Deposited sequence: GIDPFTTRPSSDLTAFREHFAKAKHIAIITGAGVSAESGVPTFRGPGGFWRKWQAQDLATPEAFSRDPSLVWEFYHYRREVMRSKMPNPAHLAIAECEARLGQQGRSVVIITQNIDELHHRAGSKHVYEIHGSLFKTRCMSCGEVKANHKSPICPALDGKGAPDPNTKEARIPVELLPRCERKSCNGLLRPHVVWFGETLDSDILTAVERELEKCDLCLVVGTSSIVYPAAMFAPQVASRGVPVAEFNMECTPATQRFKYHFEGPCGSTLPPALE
């Protein structure tokens, strides 16, 4: 019931919106998981691991370079936009909106959202393997050796880039190998981010779960905490307290206007 949801929306002073893979899938963002979602001969399970990076950093960087570069042609969708406009509009009224996203593509930021927690990191951040520095990086290509590399076609040869020519840390003294600042399979979420998320979720008086569900990770980490405060939760997804079935780019903008 959209009207009942909107009655809560009109009164809520602090909205937390959790976004999952569904909202990035509607922008056409490949993630390489499952049904013939291949990059050359591999899937994300093979590459998005510290062991793959340790064994073949050039191959893993080709894969991340490809992913960075495809984002030039993948755009924010109406769900991203509605969420950013809603944040701006409510902020002007002294009402707060925060986004907790599992997505690493920065589409929320390209849509105009400010208060965003990236629990899995970003394709457009690097972390230095040596000094640990995390930095924004949108450079195309990230390093000259990767220029024109990363093609997904199974026939493509490996670039076999020497490790010293992959992205390096720019502090002259350091020059460590950079890795994508993304949470890989088998790795832990950042505790500081989770603390901040918990504070937002404790404060919130309405919670939306978009392009994933309350019962799965990562929403399942916190959604019980919010439900037990008596706080309404509204789901927007394509799956079987409120639930709006369909593509988020159709359902969300009318709910948030």
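(message) What are the C-alpha gaps when you align the coordinates back onto the deposited sequence?
(response) Those parts of the chain that were deposited but carry no coordinates are 1-11, 252-258.
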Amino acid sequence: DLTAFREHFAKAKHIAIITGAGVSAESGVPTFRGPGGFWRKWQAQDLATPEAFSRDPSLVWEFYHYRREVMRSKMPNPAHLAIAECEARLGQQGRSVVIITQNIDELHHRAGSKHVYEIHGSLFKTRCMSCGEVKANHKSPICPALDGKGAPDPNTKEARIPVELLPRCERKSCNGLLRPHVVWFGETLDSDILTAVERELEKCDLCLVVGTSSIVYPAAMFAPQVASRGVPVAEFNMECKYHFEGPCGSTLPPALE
From here on, numbers count along this sequence of modelled residues.
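Between two forms, the rigid core is the largest collection of C-alphas that superpose within 1.5 Å.
(request) Once the rigid core is lined up, would you tell me whether 143-151 or 176-184 has the higher RMS CA deviation in 9 other deposited structures of this protein? (result) Checking 143-151 against 176-184 in 9 other deposited structures of this protein, I find the farther stretch is 143-151.
(request) Consider 28-36 and 189-197 separately and indicate which one has Cα atoms farther, on average, from the shown form in 9 other deposited structures of this protein after rigid core alignment. (result) With the rigid core fitted, 28-36 is the stretch that strays more in 9 other deposited structures of this protein.
(request) Using only the Cα atoms and their B-factors as the entry lists them, report which of 66-74 and 226-234 averages higher. (result) Per the PDB record, 226-234.
(request) Would you determine, from the values in the PDB entry, which of 121-129 and 160-168 has the greater average C-alpha temperature factor? (result) Taking the mean C-alpha B-factor of 160-168 and of 121-129, the larger value falls to 160-168.
(request) Specify which of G28, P50, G37, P57 carries the largest Cα B factor in the deposited PDB entry. (result) When the deposited C-alpha B-factors of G28, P50, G37, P57 are compared, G37 is largest.
(request) Tell me, lowest, middle or highest third: where does the Cα B factor of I18 rank within its chain? (result) It belongs to the lowest third of the chain when residues are ordered by C-alpha B-factor.
(message) Quick check on the deposited entry: does the C-alpha B-factor of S140 sit in the lowest, middle or highest third of its chain?
(response) Tercile = middle for this residue's CA B-factor.
(request) Comparing against every modelled residue in the chain, figure out the third that the C-alpha B-factor of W61 lands in (lowest, middle or highest). (result) Its C-alpha B-factor, which the entry lists for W61, ranks in the lowest third among residues of this chain.
(request) State the tercile, meaning the lowest, middle or highest third, of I215 with respect to the CA B-factors recorded for its chain. (result) Top third by C-alpha B-factor.
(message) Taking only the Cα B-factors deposited for this chain, tell me whether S173 sits in the lowest, middle or highest third.
(response) Highest third of the chain for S173's C-alpha B-factor.
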